[PDB]
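Form deposited in one PDB entry, single chain, as structure tokens, below.
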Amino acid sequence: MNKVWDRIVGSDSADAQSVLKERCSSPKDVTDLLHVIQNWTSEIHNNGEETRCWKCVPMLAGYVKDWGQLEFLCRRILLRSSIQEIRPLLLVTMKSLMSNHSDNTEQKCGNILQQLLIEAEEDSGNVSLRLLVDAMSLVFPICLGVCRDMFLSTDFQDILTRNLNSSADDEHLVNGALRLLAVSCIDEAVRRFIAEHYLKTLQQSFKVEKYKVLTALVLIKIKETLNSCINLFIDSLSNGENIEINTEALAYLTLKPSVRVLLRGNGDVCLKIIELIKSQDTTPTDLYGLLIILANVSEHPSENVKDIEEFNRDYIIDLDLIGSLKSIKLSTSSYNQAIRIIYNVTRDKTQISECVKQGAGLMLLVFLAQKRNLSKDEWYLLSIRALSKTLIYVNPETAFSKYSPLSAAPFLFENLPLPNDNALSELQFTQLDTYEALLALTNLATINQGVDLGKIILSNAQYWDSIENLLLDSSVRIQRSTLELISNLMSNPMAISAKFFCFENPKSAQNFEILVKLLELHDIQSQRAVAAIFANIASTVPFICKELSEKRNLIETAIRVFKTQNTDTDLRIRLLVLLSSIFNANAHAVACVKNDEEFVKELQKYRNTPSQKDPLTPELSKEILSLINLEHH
């Protein structure tokens, strides 16, 4: 099994998983190939051949069950720990060796480390020590036992600390040692050791520019002392240096409020983060970190809120961040963070308009569309929250780059409680969510006098059920908003009017009687909405108006509410429109009330001089008194 290795490490065209079909031969293929590897890994080849080799070895390694065929691999891997380009592949290989016979892998590793220490003690140069600390950092999170034993030993500390002190400008050794310290901070005993014995050294190397970032990354893992780290990450990110390490750090650290206030305080860094997010060059992993930072820093508390709105307006809105984000390629996690950003920005109603102009509504809708049959998780909910807030404060038809705002409606309906015969919604929405959904729906229902939304409601019986199920909600604001929604939907008969005004249908006639009672709701906004339902339909659909004119409970209730509450202007107007439509359609209804003297003198009081923008009050009082006159003469 010789030539297979040559074609495996010969060029990137061939693949190992490819020629895995030519392998097989478990008695011979694995053994023979391992002998080829052993003779071949006896030297260091260029980065391409080595990358092929350590991409391929893990497979074979995972297979071969005879441990004495995988011995040499420990030396081969540890002796390449300084080779950066193939370091993670080595890790993978070691992990594969670790997956089966873990203990023997770690044992051979410890033995090789001890020989490396002896070689390092006899080296007039630092090259053996570099190798040793690179091997230690490479295998530390998998061989934690032997690595902790090495790091903690006086013999290893002696040579390490001494050569560090002596060779402060051996950048490869210092850097290897700082990466070692960071990685090794995983274990607790090592962390205590580092935090008891290295603070002097770390303060020292923190003063040296070319080691500042790596030293800060060690210090993170162990107030003023922290503040200096954060200022380092911020300044070095704003410069442009070590985008990867700094963004990772700050994405973690912006989980703390003080870090956030500092970041928002530093202008240059904010411009830099926005420009990096826009920059077509930064890696997708850095883009993700940048977005995590932006979402953390833009989040409203539940730091001073005004600082957060100032930051969001200055750097996210005015730098057209949302308009750009529409165009960058986003993973699902990055899209999640962008939804977070949009949500945060909309916590300040004054910005929603601008957000929508930059395309945020579109991003919300696409996000929901793609998650619809996929992941109704917390980001789904968050997206619906942002969308509801959007639709409460903007004109709907100019809100999704000329896409249909009505496409939001199915998503809004997911924050309405389903009829309680209808499963559990994956969405953990609250009463506030339901309230805001109904506000947004009420806004959608203004389009084309409610026909568009009503047609969406009629295509799915569930939607109308979830509305009707809020007619008697115990929360005043939900009941109020429901009635406002229904009254907007009653600007066009379509067929939704049958829900209340098809008297041949028992269910509808019952809903009618309920509505008549709702005319006397204590909440004046609810009352206005109920009145507008009746007034809209009666002034707009003459068939229904003829039927309503015969419904004595409605007429008596409307008159009672007019007698006792006519000093509210919207309510008075709507009751007058209802009553006059009814009376014009039915002289026998007029004859019914011709002797209600209190009704007559309330009507006369307004036939005089209504205030405000109110021609209808005198006009309609005049009409009604005229009909009563008709009946008395």
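All residue numbers are counted from 1 along the displayed sequence.
Just so you know, the form solved in complex with a partner chain exists too; it's not on screen, but the next bit is about it.
Heavy atoms of every residue among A532, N536 and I573 are located within 4.5 Å of the partner chain in the bound PDB entry.
Only one of 287-295, 142-150, 539-547, 235-243 lies within 4.5 Å of the partner chain in the bound PDB entry by heavy atoms, and it is 539-547. Remark: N266 does not count among the residues lining the partner chain in the bound PDB entry, judged by a heavy atom distance of 4.5 Å or less. Using a 4.5 angstroms threshold between heavy atoms, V577 counts as touching the partner chain in the bound PDB entry. In the bound PDB entry, the partner chain sits within 4.5 Å of a heavy atom belonging to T446. Within 4.5 Å of some heavy atom of the partner chain in the bound PDB entry lies at least one heavy atom of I392.
Checked against the partner chain in the bound PDB entry, the candidates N488, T282, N126, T201 yield a single residue with a heavy atom inside 4.5 Å, and that residue is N488. Contact annotation: of the candidates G454, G359, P396, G176, the single residue with a non-hydrogen atom within 4.5 angstroms of the partner chain in the bound PDB entry is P396.
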